[PDB]
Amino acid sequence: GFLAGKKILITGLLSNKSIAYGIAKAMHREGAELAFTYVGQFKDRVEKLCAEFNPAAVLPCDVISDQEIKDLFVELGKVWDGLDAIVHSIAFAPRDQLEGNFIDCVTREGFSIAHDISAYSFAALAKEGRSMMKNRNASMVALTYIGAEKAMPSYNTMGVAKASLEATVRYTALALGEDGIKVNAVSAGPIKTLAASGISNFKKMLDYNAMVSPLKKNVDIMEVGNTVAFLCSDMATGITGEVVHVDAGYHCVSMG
């Protein structure tokens, strides 16, 4: 496997529909040694779910908290000497930020929170994980959406938070490059996950991608997972600060 022996932390695994689940399946297939995080109460749920990946550790991490993130790496460091990659597959904005007219709905705190969790958390993981990642062709990958690049209905302040995220990925790539850490993002097309039901427009978005996309289909978590996997491999060491669209080609067309 092209990830054989690599030590990789996966965030955001919630159900077997999660993009993180596809990433896990892909990386496990390729020989990676995998660890996982969960938020507070989903402990036993995620614990059962990720067992099938022979995890080196399953640890709590609500990225809201500087403490939990710091402790995540303290505990992870009791299990692993160093770390090969961090996979960031997590976002959040209050529900009222994801419906209706953007200007009607947006609020100062919702904006703040969407950004705190969906964008800042990526650089926070980088900050704490850096020491374990130093000097080993380490990698980071974040999940984003085309809502960052173009305005669209519903996605609203999450769209704005994704743009912050993509920029954070670029600045993170610049900052950590000297340590041989590559930092990239996968821009995934619409996939029916738990988080997706939180988007007003989702059924429409999903249907629309299939019709308009060049490949005339929706993507799945294995296409996404496989791409994230590659981006944590030695084959991808020339790639950094990049956004790769895994969206059946939706990003390259206009009209349809």
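All residue numbers refer to positions in the sequence shown, first residue = 1. For clarity, a rigid core is taken as the largest C-alpha set superposing within 1.5 Å between two forms.
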| item | value |
| --- | --- |
| More variable segment, 195 to 203 or 57 to 65 [Cα RMS over structures in 4 other deposited structures of this protein, core-superposed] | 195 to 203 |
| Given 207 to 215 and 26 to 34, the range whose Cα B-factors average higher in the PDB entry | 207 to 215 |
| Mean Cα B-factor comparison, 98 to 106 or 114 to 122, giving the higher one as deposited | 98 to 106 |
| Which of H88, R136, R170, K182 ranks first by CA B-factor in the deposited coordinates | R136 |
| Residue with highest C-alpha B-factor in the PDB entry, from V58, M222, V228, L49 | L49 |
| For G249, the third of its chain into which the C-alpha B factor falls | lowest |
| Third of chain Cα B-factors occupied by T237 | lowest |
| Record-listed C-alpha B factor of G129: chain third | middle |
| For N201, the third of its chain into which the C-alpha B factor falls | highest |
| Within-chain third of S164 by Cα B-factor, per the entry | lowest |
